[PDB]
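Take a look at the structure below.
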Amino acid sequence: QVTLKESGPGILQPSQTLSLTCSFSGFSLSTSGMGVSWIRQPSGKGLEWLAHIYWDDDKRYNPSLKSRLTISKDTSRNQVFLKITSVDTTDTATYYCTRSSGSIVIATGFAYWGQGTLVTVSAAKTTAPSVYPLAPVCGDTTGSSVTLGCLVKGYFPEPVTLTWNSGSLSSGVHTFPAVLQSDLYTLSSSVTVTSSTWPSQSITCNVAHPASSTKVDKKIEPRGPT
Amino acid sequence: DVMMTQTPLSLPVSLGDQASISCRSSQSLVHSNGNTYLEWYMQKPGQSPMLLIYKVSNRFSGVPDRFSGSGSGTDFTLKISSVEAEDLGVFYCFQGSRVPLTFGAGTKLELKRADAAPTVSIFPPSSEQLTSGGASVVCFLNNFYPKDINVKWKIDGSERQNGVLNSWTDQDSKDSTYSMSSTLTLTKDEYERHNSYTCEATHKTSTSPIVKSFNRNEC
């Protein structure tokens, strides 16, 4: 019955203004006891409360962001807004909107939450991944199964998608979360297959970076002595 | 600000187990009125947080009787009497007494299983990467438990700490293990200045470390 939906640009550069919208249903903002809070979560990390707006247009902000924050409402349109000025790198987070219990006194009871929208703040320019195939050491291991790899280095923004043999090599696969090397992202993936499979058959790493409209295929091929 | 601290930050659990998480705040949460505003939210991967317990001891509507909360003032506890799979994720205590509103950092309830040693794989720089000036040496440490592991890079028997980037998966859905990727990034020139490359894992499954090494020149 009660729903919340957040929206806004997913990428900004430092110093720009982020304007987010919370669109909702199932309750109205012009009834006593109703409140909408904005909360953010950097990836991996914990929640941080930002602002709260009340049924009567009373407001409350995080003092640690106060000068940059403005919480606003369009009660008619079922819309709650936030404005964050002078964005910097650390404003990179998923931004949630949430309504409180709906009783009377409101700083608690966040029962209904929106989906959350990802905002990333970066001065980085769009950059296609460099994709490198990772062949086993130039050696002679006699194991039943073999591990191969694929390194995806120096891209912006996320996401990248990475499959093996066009998604038809699925298990034995560990694809790691991207990490941020100096404005730029990097990730890697491994496959473990049977030694009778490889190099006897073709294993290729497939990488798409939608944001830059690139697809790269990289065949894993036995190393040479040089 | 009120400082919510949670213990422990990770709790390995078997399905069926009792679970207890503590929340200590930096100051009393009793209002001008006698009622305390201490809450417990939970969050599953890819999903938004959910409210569980409010006013210390009161379950939200539709929250199973297995979820129990107790305490006052400064130390609080959340109890789950029989852990189910749907319970796995992160738990946050929360205060709404004083502005700013704050959450604890979270407690990850995770699945227990038998210890496993990681399968370690080391990978020399691809010739394609070298051509471009860079030299990444990559090490996969796959399917281990517990999640606590440590990686050491050594070049010609000397430990190397700088230019190392690590990444860890979430606990696996089918085998309850964890995996880690560790990349050492050098310049091509630095790479070529040395010979021996070693990725070293220390993990409780053995007193002796699992290492994978290669030598640049002779292969």
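Chain identifiers are assigned alphabetically (A, B, ...) following the order of the sequence lines, protein sequences preceding nucleic acid strands; residue numbering begins at 1 within each chain.
- Ion pairing between a basic and an acidic side chain is recognised when a charged N comes within 4.0 Å of a carboxylate O; A/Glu48 and A/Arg40 show such pairing.
- Under 3.5 Å, the side chains of B/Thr102 and B/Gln95 contain a donor-acceptor pair of N or O atoms.
- Ring geometry for A/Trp113 against A/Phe110 counts as perpendicular: the plane angle is over 60°, on a 0 to 90° scale with 30° as the lower cut.
- The pair B/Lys204-B/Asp148 fails the salt-bridge criterion, with no side-chain N (NZ, NE, NH1 or NH2) lying under 4.0 Å from an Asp/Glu carboxylate O.
- Heavy-atom neighbours of A/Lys66 NZ from other residues, nucleotides or ligands within 6.0 Å: above the threshold of 12.
- A heavy-atom distance below 4.5 Å is not found between the side chains of A/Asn78 and A/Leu29.
- Side-chain atoms of A/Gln41 and A/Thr94 form no donor-acceptor pair, as typed in the model, at a separation below 3.5 Å.
- B/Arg66 has a carboxylate O that lies under 4.0 Å from a charged side-chain N of B/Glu84, or vice versa, which qualifies the two as a salt bridge.
- Taking every heavy atom of both residues into account, A/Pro14 and A/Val121 meet most closely at N-CG1, 3.8 Å.
- Of the possible donor and acceptor atoms, one in the side chain of B/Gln43 sits under 3.5 Å from a partner among the backbone N and O of B/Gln47.
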Worksheet entry | Stepwise side chain to side chain contact (heavy atoms under 4.5 Å, CB included) check, B/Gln161 with B/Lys152 | CA-CA 8 Å; B/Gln161 298 175 228; B/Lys152 269 175 63 187; over 6 Å; no
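- Side-chain atoms of B/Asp189 and B/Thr187 form no donor-acceptor pair, as typed in the model, at a separation below 3.5 Å.
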Item to complete: Please report the C-alpha distance between B/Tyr37 and B/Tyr54 in whole Å, then the side-chain angles of each, then the deciding distance to 0.1 Å, and finally whether the ring pair (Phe, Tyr, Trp, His ring centres under 6.0 Å) criterion is met.
Response: CA-CA 7 Å; B/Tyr37 300 116; B/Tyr54 66 89; 9.8 Å; no
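- Proximity of a side-chain donor or acceptor of A/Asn206 to a complementary backbone N or O of A/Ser166 within less than 3.5 Å is detected.
- Considering all non-hydrogen atoms of both residues, B/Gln6 and B/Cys93 come closest at OE1-N, 3.1 Å.
- A donor-acceptor pair shorter than 3.5 Å can be found between the side chains of A/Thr192 and A/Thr147.
- The two residues B/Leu78 and B/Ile53 make their nearest non-hydrogen contact at CD1-CD1, 3.7 Å.
- Electrostatic pairing of B/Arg98 and B/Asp1 does not count as a salt bridge here, judged by no charged N lying under 4.0 Å from a carboxylate O.
- Ion pairing between A/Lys218 and B/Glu128 holds under the 4.0 Å rule for side-chain N and carboxylate O.
- Side-chain atoms of A/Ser189 and A/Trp164 form a donor-acceptor pair, as typed in the model, at a separation below 3.5 Å.
- Each of A/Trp49, A/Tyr54, A/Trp55 was evaluated against A/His52; a single residue qualifies, A/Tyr54, per the ring-ring contact (aromatic ring centres under 6.0 Å, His included) test.
- Residues B/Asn142 and B/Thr177 fail the side-chain proximity criterion, which asks for heavy atoms closer than 4.5 Å.
- The closest donor-acceptor contact from the side chain of B/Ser97 to the backbone of B/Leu29 lies under 3.5 Å.
- Looking at every heavy atom in both residues, A/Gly109 comes nearest to B/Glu39 through N-OE2, 2.8 Å.
- Without hydrogens or angle criteria, A/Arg99 side chain to A/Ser101 main chain gives a donor-acceptor distance under 3.5 Å.
- Residues B/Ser181 and A/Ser188 bring a donor and an acceptor atom of their side chains to less than 3.5 Å of each other.
- Checking B/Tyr178 against B/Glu110 by side-chain atom types alone, a donor-acceptor pair falls below 3.5 Å.
- The pair A/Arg68-A/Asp91 meets the salt-bridge criterion, with a side-chain N (NZ, NE, NH1 or NH2) lying under 4.0 Å from an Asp/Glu carboxylate O.
- Applying the 6.0 Å contact sphere to NZ of A/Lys59 captures more than 12 heavy atoms from other residues, nucleotides or ligands.
- The two atoms that bring B/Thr107 and B/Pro8 nearest to each other are OG1-O, 2.6 Å, heavy atoms only.
- With A/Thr120 contributing its side chain and A/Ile11 its backbone, the two residues share no donor-acceptor pair below 3.5 Å.
- If you check the side chains of B/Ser136 and B/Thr185, you find a donor sitting under 3.5 Å from an acceptor.
- For B/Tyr41 and B/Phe103, the ring centers are positioned less than 6.0 Å apart.
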Which donor-acceptor pairs under 3.5 Å do the side chains of residues 125-135 of chain A make with protein atoms, sequence neighbours left out?
unit_1   : atom_1 : unit_2   : atom_2 : d
A/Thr127 : OG1    : A/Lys125 : O      : 2.6
A/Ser130 : OG     : A/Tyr132 : OH     : 3.4

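- Counting non-hydrogen atoms of neighbouring residues, nucleotides and ligands closer than 6.0 angstrom, the CD atom of A/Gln115 reaches no more than 12 such neighbours.
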Practice prompt. Show your working on ring pair (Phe, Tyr, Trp, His ring centres under 6.0 Å) between A/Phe24 and A/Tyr112 and close with a plain yes or no.
Written response: CA-CA 10 Å; A/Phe24 62 87; A/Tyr112 308 109; over 10 Å; no
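- The list of side chain to side chain donor-acceptor pair (under 3.5 Å) pairs with a residue in residues 15-32 of chain B, not counting sequence neighbours, is empty.
- The backbone N or O of B/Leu111 sits less than 3.5 Å from a side-chain atom of B/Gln171, completing a donor-acceptor pair.
- Side chain of B/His203 to backbone of B/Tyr145: a donor-acceptor contact under 3.5 angstrom is found.
- Using a distance-only test at 3.5 Å, with no hydrogens or angles considered, no donor-acceptor pair links the side chain of B/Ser179 to the main chain of A/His174.
- The six-membered or imidazole ring of B/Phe140 lies near that of A/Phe176, with a centre-to-centre distance under 6.0 Å.
- A/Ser122 places a side-chain N or O within donor-acceptor distance of the main-chain N or O of A/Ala124, the cut-off being under 3.5 Å.
- The heavy-atom pair separating B/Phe144 from B/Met180 by the smallest distance is CE2-N, 3.9 Å.
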